[PDB]
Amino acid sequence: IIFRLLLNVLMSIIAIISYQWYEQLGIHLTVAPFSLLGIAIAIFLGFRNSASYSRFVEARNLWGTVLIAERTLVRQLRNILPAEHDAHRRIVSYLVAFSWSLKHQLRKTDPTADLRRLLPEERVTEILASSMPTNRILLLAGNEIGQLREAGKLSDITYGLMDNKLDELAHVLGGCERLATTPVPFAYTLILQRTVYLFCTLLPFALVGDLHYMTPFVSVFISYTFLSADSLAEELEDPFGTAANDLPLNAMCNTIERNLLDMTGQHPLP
């Protein structure tokens, strides 16, 4: 980014010294065409940011739903089966493993320490064996519920009430996968990013006639505004990207683990 700003000031000085030689040749750059162009580019950057922002908000809503559905499902297990503490403890394990597994899957990092921390090793091997480990964890949680239903402890209705929450988590997994696997067609976005780059390099040659020595200052102010618009659009396109802020994901996984522990009577020391 600062490379393009500094390249901007040097095309500014090139513009200044080169300026007047080409102009008497009949080589003119005026401000009005570039103002037409830049206003068009700015409108497109508004919309492109709107889209990227939507993708960011969607990632945040999906994770929020992890917290809601996992909270609600443990609430249901306590309210409906208060005495099945072993089942509570097992299911809570799978729910926390699911959150961490999801975060590692999206960020493309190794889930093995979190899995091995939370789950028996037979099931950690079953999970790491699958090419879709988060989905497998959802399956295993489903098995705990379905076993409680075979054993008579849940009816089909209360089983159904919890099955809904496992559907809420399946909705989260697929949504996050789509958000991580494919970004908005950059087909238009790359074309627009290059147009922005060319616009900012040519800008000093369009401004020098008006601003003389002030050309590099105003030129980098304008170029800075535009390049920030384009780069924030790039950063928001990609909530799970390789250079993303991992703090709110890490914070979300920790919050839900703390909630489920504090919830099952395991958080407050005896």
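All residue numbers are counted from 1 along the displayed sequence.
Chemist: Given the B-factors recorded for C-alpha atoms, which segment has the greater mean, 181-189 or 81-89?
Modeler: Mean CA B-factor is higher for 181-189.
Chemist: Quick one: say whether 121-129 or 152-160 has the higher mean Cα B-factor in the deposited entry.
Modeler: Per the PDB record, 121-129.
Chemist: In terms of recorded Cα temperature factor, pick the maximum from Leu67, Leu62, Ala42, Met214.
Modeler: Spelled out: the listed residue with the top C-alpha B-factor is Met214.
Chemist: What third of the chain does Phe240 rank in for C-alpha temperature factor, lowest, middle or highest?
Modeler: Ranked within chain, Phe240 CA B lands in the middle tercile.
Chemist: Among the modelled residues of its chain, does the C-alpha B-factor of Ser231 lie in the lowest, middle or highest third?
Modeler: According to the entry, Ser231 has a C-alpha B-factor in the chain's highest third.
Chemist: Considering every modelled residue of the chain and its Cα B-factor in the PDB entry, is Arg116 in the lowest, middle or highest third?
Modeler: As the PDB entry reports it, the C-alpha B-factor of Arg116 lands in the middle third of its chain.
Chemist: Sorting the chain's CA B-factors, does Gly46 end up in the lowest, middle or highest third?
Modeler: According to the entry, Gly46 has a C-alpha B-factor in the chain's lowest third.
Chemist: Taking the chain's C-alpha temperature factors as the reference, tell me which third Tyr53 falls into: lowest, middle or highest.
Modeler: CA B-factor rank for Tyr53: lowest third.
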